[PDB]
Protein chains: 2
Amino acid sequence: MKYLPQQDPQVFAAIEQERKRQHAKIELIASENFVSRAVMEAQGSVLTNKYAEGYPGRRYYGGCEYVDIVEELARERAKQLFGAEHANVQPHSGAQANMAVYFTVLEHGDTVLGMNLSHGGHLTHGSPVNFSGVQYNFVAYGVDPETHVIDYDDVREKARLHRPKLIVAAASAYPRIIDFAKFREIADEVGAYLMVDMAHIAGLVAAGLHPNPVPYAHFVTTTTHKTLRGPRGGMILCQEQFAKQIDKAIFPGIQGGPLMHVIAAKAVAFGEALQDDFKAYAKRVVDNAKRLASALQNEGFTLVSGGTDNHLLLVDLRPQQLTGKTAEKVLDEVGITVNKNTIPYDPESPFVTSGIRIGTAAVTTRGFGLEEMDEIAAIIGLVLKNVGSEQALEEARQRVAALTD
Amino acid sequence: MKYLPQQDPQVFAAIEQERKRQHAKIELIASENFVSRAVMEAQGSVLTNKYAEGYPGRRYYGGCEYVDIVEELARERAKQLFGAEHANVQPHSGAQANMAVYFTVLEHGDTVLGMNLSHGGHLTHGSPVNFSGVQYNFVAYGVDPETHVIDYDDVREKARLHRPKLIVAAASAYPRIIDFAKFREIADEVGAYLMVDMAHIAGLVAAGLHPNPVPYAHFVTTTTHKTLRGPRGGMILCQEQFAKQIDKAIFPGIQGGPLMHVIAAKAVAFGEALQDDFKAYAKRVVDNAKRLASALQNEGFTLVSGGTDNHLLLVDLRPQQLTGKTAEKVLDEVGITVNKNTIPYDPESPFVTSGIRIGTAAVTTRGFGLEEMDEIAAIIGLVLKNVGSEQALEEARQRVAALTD
Ligand SMILES: *Cc1c(COP(=O)(O)O)cnc(C)c1O
Ligand SMILES: *Cc1c(COP(=O)(O)O)cnc(C)c1O
């Protein structure tokens, strides 16, 4: 950097600490990733200076000819990537993409059916302390208590009993492929719209490693960050018939001016995702998650659902008599970043939990492969099986440092 | 830039067009400004890679030690700048800052009193196609038909009749100082909270050139961009007693993960605003607006309210028999950027209007002074008084090019 170090030493020192931290730790938090230098340069551009309320060619302010080109590049590349008929690349976040779909199809107090928050559903899928739960009446479907796979008969029974106006499929912590075709079949049976929130798996969807929700859902929401490896922000995909309403929900509905510099970065990330090497990257993400899962089972760990079909896995720590909070804390002591995460039918609260969630998108971006996954599992086994040994923790620290250089 | 030109020629060419456009035009849109290189570098940082839901020292994820330092720098510098007891620097935009205050104090269908949208109120102050108007019952107060100054007796009569739960003061197109003390006196009379949306005037407030709403309002919302000259985003200021509720409204209430790289940029902009040269800058903004106003009146233009006390002015184009839409279009032909804007009691719709809104924050940032304001007014007079003369428009183009180099 050139001007920040001189204008603001305090902010610059903190950023530099964060940059070095990203390199030194082993990032296993499933929602994380490292964006390219080109994506960062796009969001570090002069596009932050432009007001551009409205849409390309339909703006409220003049002088938007060149930010219009950027926004269209983002929309057209998104459409090529996911095969959607319409894209809205203005959502400030995944939360705002969800908020706008809800604002489009629901009235205050309408019934919504989404995944149980303890089984993998997201905060914006009905938490009582989130706007979703406050504004609407959310009901939940769960996973099977033994297989930990969504119970599609439970989705259908809840739908038929509660008659939701909207059904939400997808999750922040579900390690198996979701059957969007069954979700649409149930939605049609009860006359509900189907919304798929693919935030966690969007990069896998783009690389063809997860079934695409686009053909089955009326609305698809997502973050541009996460497995898609874009800048932090949101996006909505939908059929041509809801395009005008979705665009109006975003603006003048729920947001004001869009972040054009972040939209430029979304276009950049979409161009990267359209390339063949992104598909090779995504395959390594899923391959690494399978490998890591297997290596952890080899150390004696129990995994929710027995493994994974995607980028993430959940360790049920009950057999080791540990809470997710204890495991997260001791792994933090050795340089391994995970987050505690409730598991299906968890006996512990969401602030303690009996599990940890792990994803491989970030370590895959940094070049880790199968041999690194084996070592990561071996380190986690060493630590979690020896939480009271400072000897074991120091060894883990040295093995973590050997992986990160 | 280094990596963007090679990774994405299309996005890079469009950004470069936009950068050159920002230099070549005379930006008079009142909400615009040009941020520093340090602010852009902060938002172009690796902080986009970090999830940090929650607040400093109270995060849901580990590894937030250094983004915590950045967020606290933003909160503490905001508090020094505005003298507020609490700051929330997570709002993704001014719209989301407003949404969170509304989510904090109001229930669905509650009555809110805000400034008439045709007289200066913002979209998020009750437009029927915005969430504010859809979620709540907005009633409006107006300005005097001749002086164009807020009628404080009308604010009080509407408050006493409608018994709003919340009163909103401030605007996107009001050229005079707002009396927050009278707004608080009325709010107290009817037992309503007072929210001040200072987005447009936050830089003037910070430099002491506009009365500060902090001591009078329960909640203060703002954009970090605009006169404050920060990155695009929002912020909420409030007393200690509403801090926990405001923080909960932002998260887990209405947003998900915050944009830590943008928060770093907010801190940078706040540090710039705390410096003596920002105060000199702000004075030149108001001085230039007064000068421009006077020079326009010298050309024969009528200004709403007869002038300005801040960074913006509104030209009532009725005397020249022009709509704001016609004036905006012909000024765009010569390189001068303005936006059509309804005027109080406008006979034309909001899509046509009888006025143009003009602000000096952006041209002041680029170094323009009093002599430049005189020339800008002279060019606007030449163009708007000779809309059918291609001769006059070509002369204006050459005079605009002489100012921008
Ligand atoms: C991450 C996520 C979100 C919200 O995204 P933000 O950018 O944090 O607001 C919504 N839904 C799912 C399924 C997610 O994983
Ligand atoms: C600009 C503005 C907003 C909204 O800001 P965004 O960043 O465009 O969402 C809200 N209120 C006022 C008074 C404004 O000027």
# chains A, B, ... in the order shown; residues from 1 in each chain; ligands from 1

$ interface_residues --of "chain A" --to "chain B" --cutoff "6 Å" --atoms "only C-alpha atoms" --output "list in words"
residues 3, 4, 14, 18, 34, 38, 40, 41, 43, 44, 49, 66, 95, 130, 131, 252, 253, 254, 255 and 256 of chain A

$ write_last_selection --atoms "N, CA and C atoms" --output "short mmCIF file (atom, residue, chain, number, x, y, z; two decimals), in the first residue's frame"
data_model
loop_
_atom_site.label_atom_id
_atom_site.label_comp_id
_atom_site.auth_asym_id
_atom_site.auth_seq_id
_atom_site.Cartn_x
_atom_site.Cartn_y
_atom_site.Cartn_z
N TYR A 3 -0.56 5.10 0.27
CA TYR A 3 -1.03 6.26 1.01
C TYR A 3 -1.56 5.99 2.40
N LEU A 4 -2.06 4.78 2.62
CA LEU A 4 -2.59 4.43 3.94
C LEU A 4 -1.55 4.41 5.05
N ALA A 14 -2.98 -2.33 12.02
CA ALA A 14 -4.02 -3.31 12.26
C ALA A 14 -4.31 -4.14 11.03
N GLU A 18 -3.66 -8.15 10.46
CA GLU A 18 -4.69 -9.04 9.91
C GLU A 18 -4.19 -9.80 8.69
N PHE A 34 -10.11 -16.62 0.40
CA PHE A 34 -9.20 -15.50 0.18
C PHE A 34 -9.43 -15.02 -1.26
N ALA A 38 -6.94 -9.00 -8.00
CA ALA A 38 -7.83 -8.25 -8.91
C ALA A 38 -9.16 -7.91 -8.24
N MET A 40 -9.78 -7.35 -5.04
CA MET A 40 -9.49 -6.29 -4.08
C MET A 40 -9.24 -4.95 -4.76
N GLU A 41 -8.50 -4.97 -5.87
CA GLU A 41 -8.24 -3.75 -6.63
C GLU A 41 -9.54 -3.13 -7.14
N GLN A 43 -12.52 -3.32 -5.71
CA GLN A 43 -13.24 -2.69 -4.61
C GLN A 43 -12.44 -1.52 -4.03
N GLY A 44 -11.16 -1.40 -4.33
CA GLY A 44 -10.33 -0.30 -3.91
C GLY A 44 -10.35 0.80 -5.00
N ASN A 49 -17.02 6.49 -5.36
CA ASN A 49 -17.51 7.86 -5.48
C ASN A 49 -18.80 8.05 -6.27
N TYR A 66 -20.45 4.32 -17.52
CA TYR A 66 -19.37 3.35 -17.29
C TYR A 66 -19.64 2.45 -16.11
N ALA A 95 -27.59 -11.37 3.67
CA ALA A 95 -28.77 -11.01 4.46
C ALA A 95 -29.72 -10.09 3.68
N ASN A 130 -33.80 -12.22 14.61
CA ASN A 130 -33.51 -11.69 13.28
C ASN A 130 -34.79 -11.11 12.71
N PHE A 131 -34.67 -10.20 11.73
CA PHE A 131 -35.89 -9.65 11.13
C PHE A 131 -36.79 -10.74 10.55
N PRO A 252 -36.48 0.60 -5.13
CA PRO A 252 -36.37 1.51 -4.06
C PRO A 252 -36.77 0.81 -2.75
N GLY A 253 -36.99 -0.49 -2.79
CA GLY A 253 -37.50 -1.24 -1.67
C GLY A 253 -36.71 -1.24 -0.38
N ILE A 254 -35.56 -1.94 -0.41
CA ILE A 254 -34.81 -2.13 0.84
C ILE A 254 -33.47 -1.43 0.90
N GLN A 255 -32.85 -1.05 -0.21
CA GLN A 255 -31.58 -0.36 -0.19
C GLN A 255 -31.69 1.03 -0.83
N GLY A 256 -30.56 1.72 -0.82
CA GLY A 256 -30.45 3.04 -1.44
C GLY A 256 -29.44 2.84 -2.58
#

$ select_by_dssp --residues "stretch 70-256 of chain B" --states "helix (DSSP H, G or I)" --output "VMD selection string"
chain B and resid 70 to 82 94 to 105 131 to 135 152 to 162 180 to 190 202 to 206 240 to 254

$ residues_around --residues "residue B:374" --least-positions-apart "3" --cutoff "6 Å" --atoms "only C-alpha atoms" --output "count of residues only"
3

$ residues_around --residues "residue A:187" --least-positions-apart "6" --cutoff "10 Å" --atoms "only C-alpha atoms" --output "mmCIF file with N, CA and C atoms, in the first residue's frame"
data_model
loop_
_atom_site.group_PDB
_atom_site.id
_atom_site.type_symbol
_atom_site.label_atom_id
_atom_site.label_comp_id
_atom_site.auth_asym_id
_atom_site.auth_seq_id
_atom_site.Cartn_x
_atom_site.Cartn_y
_atom_site.Cartn_z
ATOM 1 N N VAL A 155 -40.279 -32.250 5.466
ATOM 2 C CA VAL A 155 -40.505 -31.016 4.705
ATOM 3 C C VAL A 155 -41.940 -30.995 4.182
ATOM 4 N N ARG A 156 -42.350 -32.096 3.544
ATOM 5 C CA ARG A 156 -43.702 -32.186 2.997
ATOM 6 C C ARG A 156 -44.800 -32.148 4.045
ATOM 7 N N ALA A 159 -45.073 -28.576 5.329
ATOM 8 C CA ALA A 159 -45.639 -27.740 4.265
ATOM 9 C C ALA A 159 -47.157 -27.902 4.159
ATOM 10 N N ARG A 160 -47.614 -29.164 4.190
ATOM 11 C CA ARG A 160 -49.048 -29.431 4.055
ATOM 12 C C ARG A 160 -49.858 -28.989 5.254
ATOM 13 N N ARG A 163 -49.003 -24.760 5.454
ATOM 14 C CA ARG A 163 -49.346 -24.002 4.263
ATOM 15 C C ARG A 163 -48.556 -22.691 4.169
ATOM 16 N N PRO A 164 -47.238 -22.810 4.073
ATOM 17 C CA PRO A 164 -46.373 -21.659 3.957
ATOM 18 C C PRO A 164 -46.587 -21.006 2.594
ATOM 19 N N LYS A 165 -46.375 -19.692 2.556
ATOM 20 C CA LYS A 165 -46.431 -18.952 1.304
ATOM 21 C C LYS A 165 -45.124 -19.136 0.537
ATOM 22 N N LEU A 166 -44.063 -19.409 1.292
ATOM 23 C CA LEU A 166 -42.722 -19.562 0.756
ATOM 24 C C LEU A 166 -42.008 -20.719 1.482
ATOM 25 N N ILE A 167 -41.236 -21.491 0.763
ATOM 26 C CA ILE A 167 -40.403 -22.535 1.366
ATOM 27 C C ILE A 167 -38.951 -22.134 1.103
ATOM 28 N N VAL A 168 -38.130 -22.201 2.156
ATOM 29 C CA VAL A 168 -36.712 -21.867 1.948
ATOM 30 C C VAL A 168 -35.899 -23.157 2.046
ATOM 31 N N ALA A 181 -35.147 -30.544 -6.531
ATOM 32 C CA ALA A 181 -36.277 -31.106 -7.261
ATOM 33 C C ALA A 181 -37.366 -31.540 -6.288
ATOM 34 N N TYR A 193 -44.013 -20.568 -3.015
ATOM 35 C CA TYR A 193 -42.858 -20.258 -3.857
ATOM 36 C C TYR A 193 -41.702 -21.065 -3.224
ATOM 37 N N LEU A 194 -40.648 -21.285 -3.976
ATOM 38 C CA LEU A 194 -39.456 -21.945 -3.449
ATOM 39 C C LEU A 194 -38.293 -20.963 -3.586
ATOM 40 N N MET A 195 -37.602 -20.704 -2.488
ATOM 41 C CA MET A 195 -36.424 -19.857 -2.464
ATOM 42 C C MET A 195 -35.240 -20.743 -2.069
ATOM 43 N N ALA A 217 -35.925 -23.399 -8.475
ATOM 44 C CA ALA A 217 -36.383 -22.353 -7.574
ATOM 45 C C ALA A 217 -36.916 -21.119 -8.291
#

$ residues_around --residues "residue A:375" --least-positions-apart "5" --cutoff "9 Å" --atoms "only C-alpha atoms" --output "PyMOL selection string"
chain A and resi 292+295+370+380+399-400+403

$ closest_residue --among "A:266, A:53, A:196, A:211" --to "ligand 2" --atoms "only C-alpha atoms and all ligand atoms"
A:53

$ residues_around --residues "residue A:365" --least-positions-apart "2" --cutoff "12 Å" --atoms "only C-alpha atoms" --output "compact mmCIF listing (two decimals) with C-alpha atoms, in the first residue's frame"
# COMPACT_ATOMS: atom_id res chain seq x y z
CA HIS A 23 -1.18 -16.26 6.36
CA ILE A 26 -4.97 -22.54 9.18
CA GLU A 27 -8.42 -21.20 8.26
CA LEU A 28 -11.04 -23.93 8.51
CA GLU A 32 -14.13 -18.11 4.65
CA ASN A 33 -11.99 -17.73 1.54
CA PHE A 34 -9.20 -15.50 0.18
CA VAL A 35 -10.10 -13.28 -2.80
CA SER A 36 -7.69 -12.46 -5.62
CA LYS A 226 -17.69 -17.88 0.40
CA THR A 227 -17.13 -20.83 -2.00
CA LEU A 228 -17.75 -18.49 -4.95
CA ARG A 229 -14.66 -16.63 -3.69
CA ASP A 277 -9.09 -23.27 -13.30
CA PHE A 278 -11.93 -22.26 -10.98
CA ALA A 280 -10.32 -27.41 -10.99
CA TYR A 281 -10.14 -25.35 -7.77
CA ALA A 282 -13.72 -26.28 -6.77
CA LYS A 283 -13.09 -29.99 -7.38
CA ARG A 284 -10.05 -29.79 -5.08
CA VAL A 285 -12.29 -28.12 -2.46
CA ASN A 288 -10.12 -32.09 0.09
CA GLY A 359 -14.68 -26.27 5.55
CA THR A 360 -11.81 -26.53 3.02
CA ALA A 361 -12.45 -23.62 0.63
CA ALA A 362 -9.83 -21.32 2.22
CA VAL A 363 -7.02 -23.85 2.65
CA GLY A 367 -2.76 -24.54 -2.38
CA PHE A 368 -3.39 -27.26 0.23
CA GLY A 369 -4.08 -30.74 -1.12

$ atom_distance --atom1 "atom 12 (C, counted along the ligand's line) of ligand 2" --atom2 "atom CA of residue B:173"
9.0 Å

$ closest_residue --among "A:145, A:191, A:57, A:234" --to "ligand 1" --atoms "only C-alpha atoms and all ligand atoms"
A:234

$ atom_distance --atom1 "atom CA of residue B:144" --atom2 "atom CA of residue B:175"
13.4 Å

$ closest_residue --among "B:101, B:204, B:52, B:199" --to "ligand 2" --atoms "only C-alpha atoms and all ligand atoms"
B:199

$ atom_distance --atom1 "atom CA of residue B:59" --atom2 "atom 10 (C, counted along the ligand's line) of ligand 1"
17.4 Å

$ residues_around --residues "residue B:177" --least-positions-apart "3" --cutoff "12 Å" --atoms "only C-alpha atoms" --output "list in words"
residues 148, 149, 150, 169, 170, 171, 173, 174, 180, 181, 198, 200, 201, 204, 205, 209, 210, 211, 212, 213, 286, 305, 307, 308, 309, 310, 311 and 312 of chain B

$ closest_residue --among "B:56, B:91, B:72, B:395" --to "ligand 1" --atoms "only C-alpha atoms and all ligand atoms"
B:91

$ select_by_dssp --residues "stretch 68-259 of chain A" --states "strand (DSSP E or B)" --output "PyMOL selection string"
chain A and resi 86-88+111-115+137-141+143+150+166-169+193-197+219-223+234-238
